[PDB]
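Take a look at this single chain in structure tokens; it is the form deposited in one PDB entry.
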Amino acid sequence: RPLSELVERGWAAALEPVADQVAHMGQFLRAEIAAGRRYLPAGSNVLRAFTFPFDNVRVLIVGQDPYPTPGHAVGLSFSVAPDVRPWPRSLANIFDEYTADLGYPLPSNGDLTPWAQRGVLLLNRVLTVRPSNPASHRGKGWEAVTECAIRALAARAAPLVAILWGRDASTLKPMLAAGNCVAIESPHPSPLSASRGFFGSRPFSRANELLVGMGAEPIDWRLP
């Protein structure tokens, strides 16, 4: 019940304003299971982005909703388990822009853990979904929780670059209007939108140049 049991302490402190809302989400999800409507990712993964330190975030990535196919979503936006192939479509697209931007080899697997360990917060606007039903928990109460997370990140003294992928960009930028923050957007990396501005957007090196402009250290994006 205390957030301190589910997330890292800095996050628990940051999210105390929505701790009741998080408790109501737990009840909603419990009811979904009782109704035979599973949800994804696994319960223990829902708040996984908030298990890496709040104080160490330098880059915030915000996507839309978790992967709807069972066996994909792991609670870090866009990430999959390291044995997963094919990669989901959005991640394949992400990884092509990665190589085009940074010149590194194509990654071996789809596990974005290393980014999360290096201060990239891999957030979705909505933290759960019903299996095979894209975006099906929109409007169910997560937006209050992720707004609190974003706003708390922005309120810290430290430099932050937010990378906003998809339709939530315009709602989120006002949350990130503060002096130590830069928010950069593009259409979502899913294939129907990616062709319209995700490809060629160079978010990884852009984010690093902006961090260096703020006197912060750039992210080591290199995946194995």
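Only residues modelled in both forms are compared. In case it trips you up, residue 1 is the first one in the sequence shown, and so on. What we label the rigid core is the largest C-alpha set whose atoms superpose within 1.5 Å from one form to the other.
Omitted from view is the form deposited in another entry, to which the following refers.
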Core-aligned, between this form and the one not shown, one residue among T51, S193, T69, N45 moves its CA by 2 Å or more. Tell me which. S193
Core aligned, does the CA of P174 move at least 2 Å between this form and the one not shown? no
Could you check whether the CA atom of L29 moves 2 Å or more between this form and the one not shown, using the rigid core for the fit? no
Large Cα shift (2 Å or above) at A158 between this form and the one not shown, core-fitted: no
Quick one: with a 3 Å or larger change, is the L192 to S79 CA distance smaller or larger in the other form? Answer closer or farther. closer
Regarding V59 and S190, go with closer or farther for their CA spacing in the other form versus this form, the difference being 3 Å or more. closer
Where exactly does the backbone move between this form and the one not shown? Looking for runs of 3+ consecutive residues, each with a CA shift of 2 angstroms or more after core alignment. 178 to 196
